[PDB]
Amino acid sequence: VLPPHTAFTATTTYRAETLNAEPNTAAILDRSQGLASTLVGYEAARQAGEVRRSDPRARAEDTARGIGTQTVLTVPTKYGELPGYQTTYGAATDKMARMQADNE
Amino acid sequence: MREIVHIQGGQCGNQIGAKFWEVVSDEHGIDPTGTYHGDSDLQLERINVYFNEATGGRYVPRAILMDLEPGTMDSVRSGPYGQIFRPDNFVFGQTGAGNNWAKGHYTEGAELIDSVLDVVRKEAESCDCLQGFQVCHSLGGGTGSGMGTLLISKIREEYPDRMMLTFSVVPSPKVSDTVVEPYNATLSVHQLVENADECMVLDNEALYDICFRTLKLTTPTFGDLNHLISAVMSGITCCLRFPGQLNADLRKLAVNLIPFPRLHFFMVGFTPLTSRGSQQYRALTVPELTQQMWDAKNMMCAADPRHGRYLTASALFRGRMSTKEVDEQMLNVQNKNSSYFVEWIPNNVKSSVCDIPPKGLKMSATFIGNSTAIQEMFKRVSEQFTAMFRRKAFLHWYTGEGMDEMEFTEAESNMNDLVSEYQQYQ
Amino acid sequence: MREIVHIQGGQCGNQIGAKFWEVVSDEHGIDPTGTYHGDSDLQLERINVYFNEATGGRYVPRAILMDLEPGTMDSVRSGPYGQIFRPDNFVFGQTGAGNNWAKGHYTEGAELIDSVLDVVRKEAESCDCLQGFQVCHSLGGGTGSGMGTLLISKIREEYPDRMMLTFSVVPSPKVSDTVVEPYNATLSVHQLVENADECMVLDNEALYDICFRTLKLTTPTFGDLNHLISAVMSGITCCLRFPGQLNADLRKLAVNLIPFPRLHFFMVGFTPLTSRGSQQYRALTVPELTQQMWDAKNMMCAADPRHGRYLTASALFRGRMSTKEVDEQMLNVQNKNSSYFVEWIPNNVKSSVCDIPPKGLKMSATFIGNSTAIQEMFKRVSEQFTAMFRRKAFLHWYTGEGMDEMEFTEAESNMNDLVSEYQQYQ
Amino acid sequence: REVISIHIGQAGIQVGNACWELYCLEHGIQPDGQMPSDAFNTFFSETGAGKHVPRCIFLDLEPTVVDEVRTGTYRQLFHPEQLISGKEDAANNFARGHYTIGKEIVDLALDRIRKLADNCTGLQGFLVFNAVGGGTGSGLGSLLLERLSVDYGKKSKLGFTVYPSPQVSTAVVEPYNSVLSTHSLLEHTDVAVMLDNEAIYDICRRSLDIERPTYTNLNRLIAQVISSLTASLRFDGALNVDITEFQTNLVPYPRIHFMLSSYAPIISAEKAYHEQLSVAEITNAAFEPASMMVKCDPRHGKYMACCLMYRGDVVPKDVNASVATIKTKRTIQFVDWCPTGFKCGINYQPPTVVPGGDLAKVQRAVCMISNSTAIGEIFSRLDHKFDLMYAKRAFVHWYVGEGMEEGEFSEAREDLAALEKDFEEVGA
Amino acid sequence: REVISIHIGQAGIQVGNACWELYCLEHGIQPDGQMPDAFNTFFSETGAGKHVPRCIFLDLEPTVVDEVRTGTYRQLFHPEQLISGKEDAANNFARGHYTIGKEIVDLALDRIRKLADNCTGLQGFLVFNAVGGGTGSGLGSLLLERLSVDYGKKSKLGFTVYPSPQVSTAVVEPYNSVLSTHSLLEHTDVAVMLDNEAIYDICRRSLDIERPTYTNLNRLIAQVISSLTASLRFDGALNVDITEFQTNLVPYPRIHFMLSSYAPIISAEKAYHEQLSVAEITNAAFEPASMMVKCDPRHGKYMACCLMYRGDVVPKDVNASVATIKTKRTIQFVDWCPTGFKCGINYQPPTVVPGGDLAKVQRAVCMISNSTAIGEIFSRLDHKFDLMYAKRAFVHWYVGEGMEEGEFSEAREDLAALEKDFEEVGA
Amino acid sequence: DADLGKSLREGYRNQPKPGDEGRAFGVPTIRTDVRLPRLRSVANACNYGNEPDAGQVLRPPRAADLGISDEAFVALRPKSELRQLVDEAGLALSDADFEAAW
Ligand SMILES: Nc1nc2c(ncn2[C@@H]2O[C@H](COP(=O)(O)OP(=O)(O)OP(=O)(O)O)[C@@H](O)[C@H]2O)c(=O)[nH]1
Ligand SMILES: Nc1nc2c(ncn2[C@@H]2O[C@H](COP(=O)(O)OP(=O)(O)OP(=O)(O)O)[C@@H](O)[C@H]2O)c(=O)[nH]1
Ligand SMILES: Nc1nc2c(ncn2[C@@H]2O[C@H](COP(=O)(O)OP(=O)(O)O)[C@@H](O)[C@H]2O)c(=O)[nH]1
Ligand SMILES: Nc1nc2c(ncn2[C@@H]2O[C@H](COP(=O)(O)OP(=O)(O)O)[C@@H](O)[C@H]2O)c(=O)[nH]1
Ligand SMILES: [Mg+2]
Ligand SMILES: [Mg+2]
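Protein chains in written order, with the deposited numbering: chain 7J, 98 to 151, 155 to 173, 212 to 242; chain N2, 1 to 426; chain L6, 1 to 426; chain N1, 2 to 38, 47 to 437; chain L5, 2 to 37, 47 to 437; chain 7L, 307 to 408.
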């Protein structure tokens, strides 16, 4: 027997990227928005960031910290950070991140 | 605009064409009733290359079957997408050749080839500007090889300025159907070196090898092999039917691949090929395609390309891909294994990109490599031919019908000098 | 960036690799179905060193499992984290070596090594910047030792500029699992000394003694032993996978621990290993880790290192810690027991700190000591080899396959000159 | 002041599809073709009322990309009679494109361009867009250039040609095609501008760091370059130079017209946010080989004459200062015969953005167009790989069966040798 | 007036992470990059409300650099200057000088080119490197060589991290140290040694932190650097530029190795304890219990000293305190130089860092002197180097990379000649 | 795939900051929007805001010798300030015409 069905949806390059530039830029850049540079390469990270995107104090603190917990969705969370994971760079910049969050 | 007419010869050609028209009709979105049922408007734009509308959206293939035994006809009529064809194009004998090339080229041709030439004419002038003709056939059978190669000669006599593709499966001693396979294949290619524009060399041995290793199927029935070659032929003409960032029609594919008029024997491979278990554990990138393209376990001929050198090679790509990535990949593969390529031609790889992948896939490719490794296959057949010709076994069924000995000797001579020029350019 | 591809040979190599990829998967927070579900994205930034993304976050280990008996593969696919390997990477023979180095190096290698070389090559150029290879195998068995040995030679012949780890388990008389242990072990290291960059010697006796005394566990199955060795291997590669205050890569540890090209055999110890009932009563400081590191009953080899001298040593720390405390602890252990170290090299200890501990621990440490006590083990092997070779017992099974006598003599010679230069530098 | 644009080839019309999008976005014209509420007069003629049609002809042999254009959103900009489409493609065959199908298509092309020029009034010149590697843009491009030279002759023809890169290539016979194209590109066009593809790949890898660039970003940046070149006609500047100025100030000898292009700053959004943008560093950035449109090393070459278009907020003071700094530096070296080797020009309007583009809105931009001997190097690099294949008579039979001979092959080879000799002489 | 700073190696950029943190906190620049003329010497005013620094971090392993790329200072440094290789040199001077340098130094210097063309009144460069590692030493030296052939006449202040005598983390760092000095000698203009054991002792003794990490070390090192550039950055009663170090501290072209020291290293509570005035801090900047290099300056004679003062300081008392120093006999000067002091007074007091262990003080002193105690240090390095080289240990790594015994012997004898020169000048 | 047309990474992304959708990312040559320096240094190669053109400096207003900078005229002043100025100088105009001119 024949395969059930397969819808045809792939558009051509011309239509795709030199006629729908305004929607295309939006979609592409909204896939990879919250993720940091070294983290945005992997696709599971983009999916995690999307489910995450879908407290303003916590949000400002996040976007200040940068790499602390973009892909979060055992280990319970403290008010400031996670128990097991504390890098020396973050330990050095805790106060600057806090001041930045307060100013934001 | 550019036009391709299809001719199927013999049982293998018919069943191959059957799966082929099922695939193409699926690609262009016409159900086996012949009506249009596609959704995207990209499908209509280039269906004149393969179809003619008859009455009120009834789309029919620009195809011509040709054989001598009605079993194949009932076989192609029984399956789905069987009643979409042309009942008048079912041009067809009644006696049957019986794997006798002399019967396929002298006896039944004298009363069937006028008729096929009549209908192929009607089909040719029905369209405005031909691009080329496309013939699917074997080289072992009688009604496929003999009738096919005479049809090729007559057509090249009629229309000389048109392109010509021929997909011919060649026999193997490991996969050997008949005993007269060298008797047929030797004379067949002897006509193909002078008549056809270019061919695509296929064989069933490499296909079974693929279904063993990369597909890991248990029962590779003929429909599976035929489904493979159909995907190959869909790939080779995806450039005409769909716009790309870099288009490569049949003629410039030919002019890029053929450096000398007698050197027109190609091997072909397809990607991607994954088992349903390993289908989840693989990536879909250009390097993922290239590492599988240039694998010697993917060529659909029985010729290890590392036993010789590549003269030219082509990579047709389907899907929205990075051209820079395509180019650096082809450059890197050419510079890494620089021994397997020819020296006196720079940039041996012609590449092209189409923006339409096969249905349901994300990105695909088709490799057409004009190597010198095919001379092993021609020696593989020529030595058997001389072994039988040394004491004229099975010769008399050919002699008593009208064929003489000098045809055989001229076939051997042409075999010897084509492998001689292959070895010369190696 | 820097890439580590994995190789597993033989039954022990497979089971060790299985536990290894279990703990690494748990370390990076990926589920046994292959999807990330961890907490800190510090896990994400360096999963490319061990994984490749297939389709929608399907991270598969960049590993190659290889043996000759399917029961090992079944035991691999049985347990969890067995459905995350790419089934193409299960390159696998069918006949079986059976504790014969000749079968594993001349008979079965002739038809398996080109296949594994195909797979490892594709796995090598799949990534961009190769750091090196990581091998887990044995020296007593046949299909692991011999096949892996020849594989190491081929790989080092193809890629001379990449690093190479070899975790090899050696036998002992007390735990003598098979009979031809010296016949295989001697030849294996005789090839390792010219092929491998460095070798991390293991054994089961030291593991049993460790689970006797420190762990106080009742029934130590192989799983816990492989769990310990796995914790060792995660510790040795922690520097690449996580940021720290002082990172020491693989080549960095090799250049700090290898003063002479033939002196590249290490002994390993892991801390902290404490019983569960006594886990509550202890504090967790650097001195607490130091007292357990320098304990001679904590090495993973049957060579009590205080019977010789440490040439060089390295400590890999994980956890937030004071670098001052780290160094003064190293200075103290180096100043007090000053006779245990070599004299003509000051500062015999290379230290490194990483900020992320292994899951469930506050502060851990991996010790790698290049000491001359290992010559006791090699002499302990060579005397058995000479005792057997004098009588030519069990030798016909080897000479009746293609091996001759001079290979054994050169193994004796290289064994003897190695222990002679070890005794020299002592 | 009017100028028309012809696109000959698969590559030419993609460059044009980029360019005309850019032009409409610059002039505020919706894709329907009207201005919602005079400068446009150099590209758009106003038919009747409320319409603006380009002064352009796309022409091609295979109809696929042309009717893709026809079916796109720009149906209303070009109505269907200027877009010339043949029936079958030349298929990477210079002979087939110059003799077989050119003979049927060039007459239509030329008697359409005649009425275009007649509708025009003060025609400055023509500008052609082609890639010499293909078949169409090679053969019929040369045929069209020859017929335009015999029809007009005294009008300047700007040929923005795309050459094959040394190591990166998509065809096989493009050496043959390029040799046969250049044989007539030497003596027909007035000002020829080279663009390779590997240089733009390197640019988009380094500065814009798009790791997987398609052809469209290349074409967008080429359109930006063309827009910067023609802004002098389009908008009034503090120091304006027209198309006759390249003819005059850039061509020291009637056979030496091959110009290397460079554009700056090719910069992203936050990279511009990062970089303090001024004139001195962009005049610098216009000169290193990591920002040229041609894969060549001008350190080995000596400049003959350079031209610098500036667009945006640029005063003459700092551009004079930067040119003085450049002339005093010794890392690059101008030719002795020309004392004063610079030609500046300044324009007030900044370069615009294109949505879906990769560049942000920038205060100021520089387009450098220079003459050197890296081009004579490039031509010998091409000649070598042409001769390599010609020594074995490879692929010669296709051209011969089309109907050409060995004579044109040998004469184009010796013409390229003559050009090499010319360049090694002028570099003295 | 501008000065740019390059950071080589894993140590140098950690120093940069504390250094630039202190600069932005000093000029009131938030990590996002904008203030809510003194900044001109370190930050270029890009765009509108934005300042980017004049530095290049460079390293071969990307782990520490991309940690900076994704930390809190993502928007301050835009990652175009943060140069990063693909793989480490792995404590191998030869690997970091010939194999990997040949691909990274060019990219570094054609980035530093257009940085220098951006600047206008460039004073000089200042380098941060650790000579114990592989990357900092190998391509660090290589970069300094190509810097010298590019500009030459411009000043270069090298702040190096030498290995400690007994406290050590590496093994082959003697080899890398000696191979660094052979080029550090004739390429740097003004070289400042800083060691780790001395700073460990300072933080243990004065700051009473029983368990310090590299962070505290890098924090007070940044305090030293900022204090020695504060003259350029802010107006003072008597300020001195970068060129004065070369003039007032470099007697001869091959004697440029300066001891550094800082006072007062005082925590928050000890500031409540003690009264901080100029006399006691001028004294405290001379004890070996407050030096940045573990060596005994009593064993040597001080050829020339430099005192940077920050805060509430009048020329009267600083001249009175230096008078007492000149008349004290516990520390002896060299007979040839009669006037061996170079003072400098700046008004702005040093700043604090939240989370830093130092308290704010009225006034602070950064002493930079030149002695022969360094002549003791290099001989101490020379001894343990020959101890290893006598047995040809670890040499196969270097020659396998492609080097030979030639530069080994010539760098060994170069330190020997430097030893004889210091012994001769101590006269 | 995602990284097809755009750079997609955080340090090189083409997406502008949501604070300002449109602004030319560069240094205007006139520096019209910067806090005025308290005291302009002796060496000042850059200009801030309103400086009189040559057409004006070649032929100055009469209050240019007294020390009134030309920006003092163009600076905005409130109503009480203007009233005090016209009362301090001997203009002597009525409040009606004052309000009219105002
Ligand atoms: N810059 C740029 N070059 C292109 C583009 N598309 C194709 N090319 C170049 O064009 C060359 C081949 O000629 P094409 O333009 O593809 O086709 P053609 O010139 O019309 O010749 P035919 O294929 O015979 O029709 C290739 O070497 C490409 O480098 C493009 O979109 N941008
Ligand atoms: N004072 C101080 N020294 C440091 C710091 N970090 C690393 N170091 C020194 O750096 C030396 C080792 O070199 P690294 O900085 O780790 O790396 P490297 O110099 O680039 O050499 P490679 O390891 O080969 O890359 C050690 O001797 C440390 O003393 C730090 O934060 N402060
Ligand atoms: N791929 C493929 N090959 C076929 C099929 N049927 C026959 N062949 C090949 O055809 C060859 C024999 O040709 P034959 O059937 O006698 O051709 P005919 O008698 O002229 O129609 C054999 O070598 C087969 O490999 C098919 O369904 N698929
Ligand atoms: N730690 C550990 N050691 C093992 C395991 N299986 C086998 N070994 C060791 O491996 C040696 C025998 O290896 P063998 O199975 O014969 O290797 P092979 O036959 O070549 O695959 C014995 O001395 C065992 O101590 C295991 O699961 N864990
Ligand atoms: Mg074309
Ligand atoms: Mg380092």
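Note that the Cβ used here is the ideal one computed from N, Cα and C, for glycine as well.
Relative to the non-hydrogen atoms of ligand 4, the Cβ of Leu225 (chain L6) comes within a distance shorter than 6 angstroms of at least one. Between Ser94 (chain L5) and chain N1, the shortest Cβ-Cβ separation is not below 7 angstroms. By alpha-carbon distance to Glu376 (chain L6), the top candidate from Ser352 (chain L6), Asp304 (chain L6), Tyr340 (chain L6) is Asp304 (chain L6). Not a single heavy atom of ligand 1 lies less than 6 angstroms from the C-beta of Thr191 (chain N1). The DSSP-derived three-state label of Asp69 (chain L5) is strand.
Look at which beta carbons fall closer than 5 angstroms to any heavy atom of ligand 5; those residues are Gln11 (chain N1), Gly143 (chain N1).
For the pair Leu23 (chain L5) and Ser236 (chain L5), the CB atoms are nearer than the 7 angstroms cut-off. When Cβ-Cβ separations below 7 angstroms define contact, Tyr210 (chain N1) makes contact with chain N2. In summary, no residue of the segment 344 to 363 of chain 7L has a CB separated from any CB of chain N1 by less than 7 angstroms. The Cβ of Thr338 (chain 7L) sits no closer than 7 angstroms to any Cβ of chain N1. A Cβ-Cβ separation of about 6 angstroms places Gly146 (chain 7J) in contact with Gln170 (chain 7J) under the 8 angstroms criterion.
If you draw a straight line from the Cα of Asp355 (chain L6) to the Cα of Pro214 (chain 7J), it is about 19 angstroms long. Interface flag for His283 (chain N1) against chain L5 is set, since a Cβ pair is found closer than 7 angstroms. Counting along the chain, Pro70 (chain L6) sits inside no beta strand (DSSP E); it lies in the alpha helix (DSSP H) bounded by residues 70 to 78. DSSP, reduced to helix, strand and coil, places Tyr319 (chain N1) within a strand of the structure shown. With a cut-off of 6 angstroms, the C-beta of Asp98 (chain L5) is classified as near ligand 2, since at least one heavy atom of the ligand falls inside that distance. Between ligand 3 and the CB of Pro171 (chain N2), the shortest heavy atom gap is smaller than 6 angstroms. Restricted to the segment 108 to 175 of chain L5, the alpha helix (DSSP H) segments that are unbroken, complete and at least 4 residues in length are 111 to 128, 145 to 160, listed in chain order. Residue state for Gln43 (chain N2) is assigned as coil, using DSSP reduced to three classes.
A straight line joining the alpha-carbon of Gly144 (chain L6) with that of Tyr50 (chain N2) spans about 58 angstroms.
For the segment 230 to 254 of chain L6, residues whose beta-carbon sits nearer than 9 angstroms to a beta-carbon of chain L5 comprise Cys239, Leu240, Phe242, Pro243, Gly244, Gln245, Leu246, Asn247, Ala248, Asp249, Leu250, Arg251, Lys252, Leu253, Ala254.
Within chain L6, the residues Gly56, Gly57 have their CB atoms less than 8 angstroms from the CB of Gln144 (chain 7J), given in chain order.
Under DSSP, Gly269 (chain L6) forms a beta bridge with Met299 (chain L6), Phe367 (chain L6).
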